[PDB]
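This document opens with one chain alone, in structure tokens, the form deposited in one PDB entry.
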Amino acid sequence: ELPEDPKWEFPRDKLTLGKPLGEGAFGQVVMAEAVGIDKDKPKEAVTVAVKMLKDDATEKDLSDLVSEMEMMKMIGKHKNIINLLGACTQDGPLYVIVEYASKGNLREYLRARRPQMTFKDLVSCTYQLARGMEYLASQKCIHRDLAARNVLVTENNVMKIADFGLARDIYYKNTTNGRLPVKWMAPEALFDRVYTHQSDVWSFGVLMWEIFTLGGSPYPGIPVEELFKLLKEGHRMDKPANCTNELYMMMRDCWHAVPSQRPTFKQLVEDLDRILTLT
């Protein structure tokens, strides 16, 4: 039932599934070996990650996995985003083949290095993620689910933005009864059901907070049900212990009530470049 797309199709006999990397909401991800998936090296086997449906998959899971695949097709290549490598869509189960990150997600990566991480490492991480998001915004893509659990870390410690299941090509009108994680969402997205690049910028501020707390959970002790009201009233998180004033002012700026008053990803890249260049 899935229409052909030769540019992205990859032969099943060149794909060898291996160890499971983890299951989530609507699917499963497994490590695999793909032979010749790098066209400029057709005989090499490269370790990749494959996203597929589970046995208890719903019809919605299938269209979601397809929709996620289609987003990643139009996004483009970049060092700081998990990139689509290919797909097996014909004569069998849907396999979405993406770059493999051996060190898992940033949240767990940071939590397991709690006392090891230097301050500059954290600034580097933040810088890389700002770059991925700058590129992403330049492709007119809003992520809508930016968070530490959705960043993946490679063997060489490159930060890669992942999980494009909620990403959209663009204002955008969010649906009522939202499917966006509340603690990472800008007030516009939550209250006005609108989404812009500046909405991702707010999420990035929460991402910054996660990074400098070495994987802390945002708005600790505050139930999701009460968070809506507090944000209206101007509630914001505290400065993490391991954070300069400069970097804290950056977070607070990403958390400006007025979207146009928040920095752009290009601005954040500029500032983070400067801060990294020192340090």
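The first residue of the shown sequence is 1; numbering continues from there.
The gap between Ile170 and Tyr171 holds 4 to 9 unmodelled residues of the deposited sequence. Unmodelled deposited residues between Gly92 and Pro93: none, per the record. In this entry, 187 to 195 shows the higher mean Cα temperature factor of the pair 187 to 195 and 138 to 146. Stretches compared: 176 to 184, 101 to 109. Higher mean C-alpha B-factor in the entry: 176 to 184.
Split the chain's modelled residues into thirds by C-alpha temperature factor. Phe228 is in the highest one. Ranked by Cα temperature factor within the chain, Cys243 sits in the highest third according to the deposited record. In the deposited entry, the Cα temperature factor of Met117 sits in the top third of values across the chain's modelled residues. Among the modelled residues of its chain, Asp56 has a C-alpha B-factor that falls in the lowest third, as given in the PDB entry. Split the chain's modelled residues into thirds by C-alpha temperature factor. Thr126 is in the lowest one.
The form deposited with a partner chain bound exists for this protein as well; it is not shown, and the discussion that follows is about that form.
Among heavy atoms of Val182, some come within 4.5 Å of the partner chain in the deposited complex. For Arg149, a non-hydrogen atom is located within 4.5 Å of the partner chain in the deposited complex, even though that partner is not displayed.
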